file upload33.csv (CSV, C-alpha atoms)
chain,number,residue,atom,x,y,z
X,50,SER,CA,19.3,-51.0,59.1
X,51,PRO,CA,20.5,-47.7,57.6
X,52,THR,CA,24.3,-48.5,58.2
X,53,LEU,CA,25.5,-47.5,54.7
X,54,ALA,CA,23.0,-44.6,54.5
X,55,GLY,CA,24.8,-43.1,57.5
X,56,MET,CA,28.2,-43.8,55.8
X,57,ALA,CA,27.1,-42.1,52.6
X,58,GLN,CA,25.3,-39.2,54.5
X,59,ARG,CA,28.5,-38.3,56.5
X,60,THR,CA,30.9,-38.8,53.6
X,61,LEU,CA,28.9,-36.0,51.8
X,62,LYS,CA,29.0,-33.9,55.0
X,63,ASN,CA,32.9,-34.1,55.0
X,64,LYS,CA,34.3,-33.5,51.5
X,65,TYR,CA,31.3,-33.1,49.0
X,66,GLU,CA,30.1,-29.7,50.4
X,67,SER,CA,32.1,-27.7,47.8
X,68,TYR,CA,31.4,-30.3,45.0
X,69,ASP,CA,27.5,-30.8,45.3
X,70,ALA,CA,26.8,-27.1,45.4
X,71,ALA,CA,29.2,-26.5,42.4
X,72,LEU,CA,27.0,-28.8,40.2
X,73,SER,CA,23.6,-27.6,41.8
X,74,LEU,CA,23.3,-31.4,42.5
X,75,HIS,CA,20.3,-32.3,44.8
X,76,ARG,CA,21.1,-35.6,46.6
X,77,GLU,CA,18.5,-38.1,48.1
X,78,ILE,CA,19.8,-40.6,50.8
X,79,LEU,CA,17.3,-43.5,51.3
X,80,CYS,CA,17.3,-46.8,53.3
X,81,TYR,CA,14.8,-49.6,52.5
X,82,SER,CA,13.5,-50.3,56.0
X,83,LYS,CA,13.1,-46.6,57.2
X,84,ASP,CA,12.2,-44.7,53.9
X,85,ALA,CA,9.8,-47.4,52.4
X,86,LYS,CA,7.2,-44.8,51.3
X,87,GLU,CA,9.6,-42.6,49.2
X,88,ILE,CA,11.0,-45.8,47.4
X,89,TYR,CA,7.6,-47.6,46.9
X,90,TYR,CA,6.0,-44.2,46.0
X,91,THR,CA,3.0,-44.8,48.4
X,92,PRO,CA,2.6,-41.8,50.8
X,93,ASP,CA,-0.4,-41.6,53.2
X,94,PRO,CA,-3.3,-39.2,52.2
X,95,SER,CA,-2.3,-36.6,54.9
I,1732,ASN,CA,26.4,-82.5,51.2
I,1733,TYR,CA,27.8,-81.7,54.8
I,1734,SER,CA,30.8,-84.1,54.3
I,1735,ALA,CA,32.1,-82.5,51.0
I,1736,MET,CA,32.6,-79.0,52.7
I,1737,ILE,CA,36.3,-78.1,52.9
I,1738,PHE,CA,38.6,-75.2,54.0
I,1739,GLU,CA,42.4,-74.4,54.2
I,1740,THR,CA,44.2,-73.2,57.3
I,1741,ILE,CA,48.0,-73.0,57.8
I,1742,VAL,CA,48.9,-75.6,60.6
I,1743,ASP,CA,52.6,-74.9,61.7
I,1744,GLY,CA,54.1,-76.4,58.4
I,1745,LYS,CA,52.0,-76.1,55.2
I,1746,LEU,CA,48.4,-75.9,53.8
I,1747,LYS,CA,45.8,-78.5,55.0
I,1748,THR,CA,42.6,-79.6,53.1
I,1749,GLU,CA,40.8,-80.3,56.4
I,1750,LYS,CA,36.9,-80.7,56.2
I,1751,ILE,CA,34.4,-78.8,58.4
I,1752,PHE,CA,32.2,-81.0,60.8
I,1753,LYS,CA,34.9,-83.5,61.9
I,1754,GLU,CA,32.1,-85.3,63.9
I,1755,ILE,CA,30.1,-86.0,60.7
I,1756,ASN,CA,31.1,-89.4,59.0
I,1757,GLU,CA,29.2,-92.2,57.0
I,1758,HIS,CA,28.1,-93.6,60.4
I,1759,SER,CA,26.7,-90.3,61.8
I,1760,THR,CA,22.8,-90.0,62.3
I,1761,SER,CA,22.5,-86.5,64.0
I,1762,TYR,CA,24.4,-83.3,64.0
I,1763,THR,CA,23.4,-80.4,66.4
I,1764,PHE,CA,23.9,-76.6,66.1
I,1765,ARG,CA,24.5,-75.0,69.5
I,1766,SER,CA,24.2,-71.3,70.5
I,1767,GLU,CA,23.8,-69.4,73.9
I,1768,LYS,CA,21.1,-66.9,72.7
I,1769,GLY,CA,19.8,-68.2,69.3
I,1770,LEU,CA,21.1,-69.6,66.0
I,1771,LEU,CA,20.0,-66.3,64.2
I,1772,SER,CA,23.2,-64.7,65.6
I,1773,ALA,CA,25.8,-67.4,64.5
I,1774,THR,CA,26.7,-65.9,61.1
I,1775,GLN,CA,26.1,-69.1,59.0
I,1776,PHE,CA,22.4,-68.2,59.7
I,1777,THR,CA,22.8,-64.4,60.0
I,1778,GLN,CA,24.4,-64.2,56.5
I,1779,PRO,CA,21.8,-66.1,54.3
I,1780,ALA,CA,18.8,-64.4,56.1
I,1781,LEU,CA,20.3,-60.9,55.7
I,1782,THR,CA,21.1,-61.8,52.0
I,1783,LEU,CA,17.5,-63.2,51.4
I,1784,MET,CA,15.7,-60.1,53.1
I,1785,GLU,CA,17.6,-57.7,50.8
I,1786,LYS,CA,17.1,-59.7,47.6
I,1787,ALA,CA,13.4,-60.2,48.6
I,1788,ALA,CA,13.0,-56.4,49.1
I,1789,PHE,CA,14.6,-55.8,45.6
I,1790,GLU,CA,12.3,-58.3,43.7
I,1791,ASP,CA,9.3,-56.6,45.2
I,1792,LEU,CA,10.6,-53.2,43.8
I,1793,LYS,CA,11.4,-55.0,40.4
I,1794,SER,CA,7.8,-56.4,40.3
I,1795,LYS,CA,6.5,-52.8,41.0
call {"tool": "encode", "arguments": {"input": "upload33.csv", "output": "structure tokens"}}
result
Amino acid sequence: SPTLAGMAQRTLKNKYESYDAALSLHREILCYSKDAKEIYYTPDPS
Amino acid sequence: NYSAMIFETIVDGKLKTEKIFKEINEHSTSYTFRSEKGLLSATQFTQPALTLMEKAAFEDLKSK
């Protein structure tokens, strides 16, 4: 389950607004169960 | 291997090296795990399964 994803996601929402933008830092939040395709790098043809 | 398991709780005076599974002795033949719904949600089963699943997932990614 994406428990810690949520905890990470909402921590960045709270106090890392000013900090992430200041470094031009793109952040990627991934769980194993949900976001398998981005981690395994196996998207559908689509 | 079930016998040698130990813990330490404070019992009114001091520390106590009491063992888990008081029923299990040298003359025991069976021990039974009891739940209401299922053993999967009794935390000595939850914990290893959860741990395995995550490690298993990782080793797949390591293999790839």
call {"tool": "residues_around", "arguments": {"input": "upload33.csv", "residues": "stretch 74-81 of chain X", "least_positions_apart": "6", "cutoff": "10 Å", "atoms": "only C-alpha atoms", "output": "mmCIF file with C-alpha atoms, keeping the file's coordinate frame"}}
result
data_model
loop_
_atom_site.group_PDB
_atom_site.id
_atom_site.type_symbol
_atom_site.label_atom_id
_atom_site.label_comp_id
_atom_site.auth_asym_id
_atom_site.auth_seq_id
_atom_site.Cartn_x
_atom_site.Cartn_y
_atom_site.Cartn_z
ATOM 1 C CA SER X 50 19.300 -51.000 59.100
ATOM 2 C CA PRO X 51 20.500 -47.700 57.600
ATOM 3 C CA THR X 52 24.300 -48.500 58.200
ATOM 4 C CA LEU X 53 25.500 -47.500 54.700
ATOM 5 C CA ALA X 54 23.000 -44.600 54.500
ATOM 6 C CA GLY X 55 24.800 -43.100 57.500
ATOM 7 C CA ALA X 57 27.100 -42.100 52.600
ATOM 8 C CA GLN X 58 25.300 -39.200 54.500
ATOM 9 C CA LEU X 61 28.900 -36.000 51.800
ATOM 10 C CA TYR X 68 31.400 -30.300 45.000
ATOM 11 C CA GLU X 87 9.600 -42.600 49.200
ATOM 12 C CA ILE X 88 11.000 -45.800 47.400
ATOM 13 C CA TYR X 89 7.600 -47.600 46.900
ATOM 14 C CA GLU I 1785 17.600 -57.700 50.800
ATOM 15 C CA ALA I 1788 13.000 -56.400 49.100
ATOM 16 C CA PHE I 1789 14.600 -55.800 45.600
#
call {"tool": "interface_residues", "arguments": {"input": "upload33.csv", "of": "chain I", "to": "chain X", "cutoff": "12 Å", "atoms": "only C-alpha atoms", "output": "PDB file with C-alpha atoms, in the frame of the given file"}}
result
ATOM      1  CA  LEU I1781      20.300 -60.900  55.700  1.00  0.00           C
ATOM      2  CA  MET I1784      15.700 -60.100  53.100  1.00  0.00           C
ATOM      3  CA  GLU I1785      17.600 -57.700  50.800  1.00  0.00           C
ATOM      4  CA  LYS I1786      17.100 -59.700  47.600  1.00  0.00           C
ATOM      5  CA  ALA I1787      13.400 -60.200  48.600  1.00  0.00           C
ATOM      6  CA  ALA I1788      13.000 -56.400  49.100  1.00  0.00           C
ATOM      7  CA  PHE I1789      14.600 -55.800  45.600  1.00  0.00           C
ATOM      8  CA  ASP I1791       9.300 -56.600  45.200  1.00  0.00           C
ATOM      9  CA  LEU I1792      10.600 -53.200  43.800  1.00  0.00           C
ATOM     10  CA  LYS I1793      11.400 -55.000  40.400  1.00  0.00           C
ATOM     11  CA  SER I1794       7.800 -56.400  40.300  1.00  0.00           C
ATOM     12  CA  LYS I1795       6.500 -52.800  41.000  1.00  0.00           C
TER      13      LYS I1795
END
call {"tool": "atom_distance", "arguments": {"input": "upload33.csv", "atom1": "atom CA of residue I:1762", "atom2": "atom CA of residue I:1733"}}
result
9.9 Å
call {"tool": "closest_residue", "arguments": {"input": "upload33.csv", "among": "I:1732, I:1745, I:1737, I:1752", "to": "residue I:1764", "atoms": "only C-alpha atoms"}}
result
I:1752
call {"tool": "atom_distance", "arguments": {"input": "upload33.csv", "atom1": "atom CA of residue I:1783", "atom2": "atom CA of residue I:1761"}}
result
27.0 Å
call {"tool": "atom_distance", "arguments": {"input": "upload33.csv", "atom1": "atom CA of residue I:1734", "atom2": "atom CA of residue I:1749"}}
result
10.9 Å
call {"tool": "decode", "arguments": {"input": "upload33.csv", "residues": "stretch 58-95 of chain X", "atoms": "N, CA, C and O atoms", "output": "PDB file, in the first residue's frame"}}
result
ATOM      1  N   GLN X  58       4.457  12.619   0.146  1.00  0.00           N
ATOM      2  CA  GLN X  58       3.706  13.509  -0.788  1.00  0.00           C
ATOM      3  C   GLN X  58       3.220  14.760  -0.051  1.00  0.00           C
ATOM      4  O   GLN X  58       3.365  15.864  -0.612  1.00  0.00           O
ATOM      5  N   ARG X  59       2.658  14.583   1.149  1.00  0.00           N
ATOM      6  CA  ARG X  59       1.986  15.660   1.924  1.00  0.00           C
ATOM      7  C   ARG X  59       3.013  16.439   2.753  1.00  0.00           C
ATOM      8  O   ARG X  59       2.705  17.587   3.125  1.00  0.00           O
ATOM      9  N   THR X  60       4.181  15.855   3.040  1.00  0.00           N
ATOM     10  CA  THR X  60       5.306  16.571   3.697  1.00  0.00           C
ATOM     11  C   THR X  60       5.843  17.633   2.728  1.00  0.00           C
ATOM     12  O   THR X  60       6.144  18.750   3.189  1.00  0.00           O
ATOM     13  N   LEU X  61       5.933  17.298   1.436  1.00  0.00           N
ATOM     14  CA  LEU X  61       6.406  18.214   0.362  1.00  0.00           C
ATOM     15  C   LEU X  61       5.363  19.306   0.117  1.00  0.00           C
ATOM     16  O   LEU X  61       5.761  20.448  -0.174  1.00  0.00           O
ATOM     17  N   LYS X  62       4.081  18.950   0.228  1.00  0.00           N
ATOM     18  CA  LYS X  62       2.932  19.887   0.115  1.00  0.00           C
ATOM     19  C   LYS X  62       3.039  20.977   1.191  1.00  0.00           C
ATOM     20  O   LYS X  62       2.705  22.136   0.882  1.00  0.00           O
ATOM     21  N   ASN X  63       3.488  20.622   2.400  1.00  0.00           N
ATOM     22  CA  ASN X  63       3.453  21.510   3.595  1.00  0.00           C
ATOM     23  C   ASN X  63       4.611  22.515   3.548  1.00  0.00           C
ATOM     24  O   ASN X  63       4.323  23.725   3.463  1.00  0.00           O
ATOM     25  N   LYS X  64       5.863  22.046   3.599  1.00  0.00           N
ATOM     26  CA  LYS X  64       7.034  22.896   3.959  1.00  0.00           C
ATOM     27  C   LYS X  64       8.146  22.872   2.899  1.00  0.00           C
ATOM     28  O   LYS X  64       9.185  23.522   3.150  1.00  0.00           O
ATOM     29  N   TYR X  65       7.966  22.174   1.773  1.00  0.00           N
ATOM     30  CA  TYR X  65       8.991  22.062   0.698  1.00  0.00           C
ATOM     31  C   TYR X  65       8.498  22.738  -0.588  1.00  0.00           C
ATOM     32  O   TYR X  65       9.092  22.488  -1.658  1.00  0.00           O
ATOM     33  N   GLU X  66       7.469  23.587  -0.487  1.00  0.00           N
ATOM     34  CA  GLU X  66       6.966  24.419  -1.613  1.00  0.00           C
ATOM     35  C   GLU X  66       8.074  25.383  -2.042  1.00  0.00           C
ATOM     36  O   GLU X  66       8.475  25.348  -3.222  1.00  0.00           O
ATOM     37  N   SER X  67       8.555  26.186  -1.091  1.00  0.00           N
ATOM     38  CA  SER X  67       9.569  27.254  -1.289  1.00  0.00           C
ATOM     39  C   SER X  67      10.934  26.651  -1.650  1.00  0.00           C
ATOM     40  O   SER X  67      11.694  27.332  -2.368  1.00  0.00           O
ATOM     41  N   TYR X  68      11.241  25.431  -1.186  1.00  0.00           N
ATOM     42  CA  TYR X  68      12.594  24.821  -1.282  1.00  0.00           C
ATOM     43  C   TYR X  68      12.776  24.116  -2.633  1.00  0.00           C
ATOM     44  O   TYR X  68      13.848  24.299  -3.239  1.00  0.00           O
ATOM     45  N   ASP X  69      11.786  23.328  -3.075  1.00  0.00           N
ATOM     46  CA  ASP X  69      11.853  22.528  -4.331  1.00  0.00           C
ATOM     47  C   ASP X  69      11.956  23.470  -5.534  1.00  0.00           C
ATOM     48  O   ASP X  69      12.813  23.222  -6.405  1.00  0.00           O
ATOM     49  N   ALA X  70      11.112  24.504  -5.577  1.00  0.00           N
ATOM     50  CA  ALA X  70      11.076  25.524  -6.652  1.00  0.00           C
ATOM     51  C   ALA X  70      12.403  26.297  -6.687  1.00  0.00           C
ATOM     52  O   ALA X  70      12.850  26.648  -7.798  1.00  0.00           O
ATOM     53  N   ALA X  71      13.018  26.527  -5.521  1.00  0.00           N
ATOM     54  CA  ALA X  71      14.266  27.313  -5.360  1.00  0.00           C
ATOM     55  C   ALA X  71      15.462  26.587  -5.997  1.00  0.00           C
ATOM     56  O   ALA X  71      16.433  27.281  -6.359  1.00  0.00           O
ATOM     57  N   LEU X  72      15.404  25.255  -6.129  1.00  0.00           N
ATOM     58  CA  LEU X  72      16.494  24.427  -6.719  1.00  0.00           C
ATOM     59  C   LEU X  72      16.111  23.955  -8.133  1.00  0.00           C
ATOM     60  O   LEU X  72      16.956  23.287  -8.765  1.00  0.00           O
ATOM     61  N   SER X  73      14.911  24.305  -8.618  1.00  0.00           N
ATOM     62  CA  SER X  73      14.308  23.791  -9.880  1.00  0.00           C
ATOM     63  C   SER X  73      14.281  22.258  -9.844  1.00  0.00           C
ATOM     64  O   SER X  73      14.582  21.627 -10.879  1.00  0.00           O
ATOM     65  N   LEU X  74      13.922  21.693  -8.687  1.00  0.00           N
ATOM     66  CA  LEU X  74      14.062  20.248  -8.373  1.00  0.00           C
ATOM     67  C   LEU X  74      12.733  19.542  -8.653  1.00  0.00           C
ATOM     68  O   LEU X  74      11.776  19.737  -7.876  1.00  0.00           O
ATOM     69  N   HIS X  75      12.675  18.766  -9.737  1.00  0.00           N
ATOM     70  CA  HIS X  75      11.519  17.894 -10.065  1.00  0.00           C
ATOM     71  C   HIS X  75      11.571  16.651  -9.171  1.00  0.00           C
ATOM     72  O   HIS X  75      12.641  16.005  -9.114  1.00  0.00           O
ATOM     73  N   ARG X  76      10.455  16.348  -8.501  1.00  0.00           N
ATOM     74  CA  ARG X  76      10.318  15.222  -7.543  1.00  0.00           C
ATOM     75  C   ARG X  76       9.372  14.167  -8.128  1.00  0.00           C
ATOM     76  O   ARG X  76       8.352  14.553  -8.734  1.00  0.00           O
ATOM     77  N   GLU X  77       9.709  12.888  -7.940  1.00  0.00           N
ATOM     78  CA  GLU X  77       8.930  11.719  -8.425  1.00  0.00           C
ATOM     79  C   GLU X  77       8.568  10.855  -7.212  1.00  0.00           C
ATOM     80  O   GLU X  77       9.491  10.318  -6.573  1.00  0.00           O
ATOM     81  N   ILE X  78       7.275  10.780  -6.878  1.00  0.00           N
ATOM     82  CA  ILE X  78       6.739   9.960  -5.750  1.00  0.00           C
ATOM     83  C   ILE X  78       6.158   8.670  -6.327  1.00  0.00           C
ATOM     84  O   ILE X  78       5.172   8.761  -7.080  1.00  0.00           O
ATOM     85  N   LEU X  79       6.713   7.519  -5.949  1.00  0.00           N
ATOM     86  CA  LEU X  79       6.301   6.209  -6.510  1.00  0.00           C
ATOM     87  C   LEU X  79       6.102   5.200  -5.383  1.00  0.00           C
ATOM     88  O   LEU X  79       6.962   5.139  -4.485  1.00  0.00           O
ATOM     89  N   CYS X  80       5.002   4.449  -5.454  1.00  0.00           N
ATOM     90  CA  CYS X  80       4.790   3.190  -4.697  1.00  0.00           C
ATOM     91  C   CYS X  80       5.091   2.003  -5.613  1.00  0.00           C
ATOM     92  O   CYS X  80       5.000   2.170  -6.843  1.00  0.00           O
ATOM     93  N   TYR X  81       5.424   0.848  -5.033  1.00  0.00           N
ATOM     94  CA  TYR X  81       5.723  -0.398  -5.782  1.00  0.00           C
ATOM     95  C   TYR X  81       4.431  -0.969  -6.378  1.00  0.00           C
ATOM     96  O   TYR X  81       4.411  -1.276  -7.583  1.00  0.00           O
ATOM     97  N   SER X  82       3.399  -1.131  -5.550  1.00  0.00           N
ATOM     98  CA  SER X  82       2.128  -1.815  -5.905  1.00  0.00           C
ATOM     99  C   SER X  82       1.405  -1.040  -7.013  1.00  0.00           C
ATOM    100  O   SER X  82       1.075  -1.659  -8.045  1.00  0.00           O
ATOM    101  N   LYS X  83       1.185   0.264  -6.809  1.00  0.00           N
ATOM    102  CA  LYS X  83       0.455   1.156  -7.753  1.00  0.00           C
ATOM    103  C   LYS X  83       1.322   1.411  -8.995  1.00  0.00           C
ATOM    104  O   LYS X  83       0.917   0.987 -10.096  1.00  0.00           O
ATOM    105  N   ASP X  84       2.471   2.071  -8.815  1.00  0.00           N
ATOM    106  CA  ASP X  84       3.303   2.631  -9.916  1.00  0.00           C
ATOM    107  C   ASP X  84       4.363   1.604 -10.342  1.00  0.00           C
ATOM    108  O   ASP X  84       5.563   1.961 -10.368  1.00  0.00           O
ATOM    109  N   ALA X  85       3.941   0.385 -10.692  1.00  0.00           N
ATOM    110  CA  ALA X  85       4.831  -0.722 -11.115  1.00  0.00           C
ATOM    111  C   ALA X  85       5.510  -0.357 -12.440  1.00  0.00           C
ATOM    112  O   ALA X  85       6.737  -0.556 -12.557  1.00  0.00           O
ATOM    113  N   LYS X  86       4.741   0.186 -13.385  1.00  0.00           N
ATOM    114  CA  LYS X  86       5.152   0.389 -14.800  1.00  0.00           C
ATOM    115  C   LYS X  86       6.276   1.427 -14.899  1.00  0.00           C
ATOM    116  O   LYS X  86       7.172   1.239 -15.747  1.00  0.00           O
ATOM    117  N   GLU X  87       6.231   2.480 -14.076  1.00  0.00           N
ATOM    118  CA  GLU X  87       7.263   3.552 -14.061  1.00  0.00           C
ATOM    119  C   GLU X  87       8.562   2.993 -13.468  1.00  0.00           C
ATOM    120  O   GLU X  87       9.636   3.438 -13.912  1.00  0.00           O
ATOM    121  N   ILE X  88       8.467   2.055 -12.515  1.00  0.00           N
ATOM    122  CA  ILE X  88       9.638   1.492 -11.773  1.00  0.00           C
ATOM    123  C   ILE X  88      10.278   0.373 -12.599  1.00  0.00           C
ATOM    124  O   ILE X  88      11.522   0.384 -12.733  1.00  0.00           O
ATOM    125  N   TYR X  89       9.464  -0.554 -13.117  1.00  0.00           N
ATOM    126  CA  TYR X  89       9.917  -1.683 -13.973  1.00  0.00           C
ATOM    127  C   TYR X  89      10.281  -1.173 -15.376  1.00  0.00           C
ATOM    128  O   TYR X  89      10.921  -1.941 -16.122  1.00  0.00           O
ATOM    129  N   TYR X  90       9.891   0.063 -15.720  1.00  0.00           N
ATOM    130  CA  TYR X  90      10.050   0.667 -17.071  1.00  0.00           C
ATOM    131  C   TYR X  90       9.456  -0.287 -18.113  1.00  0.00           C
ATOM    132  O   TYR X  90      10.204  -0.815 -18.958  1.00  0.00           O
ATOM    133  N   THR X  91       8.145  -0.529 -18.033  1.00  0.00           N
ATOM    134  CA  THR X  91       7.396  -1.400 -18.978  1.00  0.00           C
ATOM    135  C   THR X  91       6.012  -0.811 -19.235  1.00  0.00           C
ATOM    136  O   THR X  91       5.011  -1.444 -18.905  1.00  0.00           O
ATOM    137  N   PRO X  92       5.889   0.402 -19.832  1.00  0.00           N
ATOM    138  CA  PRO X  92       4.577   0.926 -20.205  1.00  0.00           C
ATOM    139  C   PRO X  92       3.935   0.095 -21.329  1.00  0.00           C
ATOM    140  O   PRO X  92       4.649  -0.576 -22.061  1.00  0.00           O
ATOM    141  N   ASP X  93       2.604   0.154 -21.410  1.00  0.00           N
ATOM    142  CA  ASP X  93       1.775  -0.427 -22.502  1.00  0.00           C
ATOM    143  C   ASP X  93       2.093   0.303 -23.808  1.00  0.00           C
ATOM    144  O   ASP X  93       2.588   1.430 -23.773  1.00  0.00           O
ATOM    145  N   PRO X  94       1.850  -0.308 -24.996  1.00  0.00           N
ATOM    146  CA  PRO X  94       2.069   0.371 -26.280  1.00  0.00           C
ATOM    147  C   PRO X  94       1.347   1.724 -26.423  1.00  0.00           C
ATOM    148  O   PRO X  94       2.006   2.696 -26.765  1.00  0.00           O
ATOM    149  N   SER X  95       0.031   1.752 -26.175  1.00  0.00           N
ATOM    150  CA  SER X  95      -0.823   2.972 -26.123  1.00  0.00           C
ATOM    151  C   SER X  95      -0.482   3.918 -27.283  1.00  0.00           C
ATOM    152  O   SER X  95      -1.415   4.590 -27.769  1.00  0.00           O
TER     153      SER X  95
END
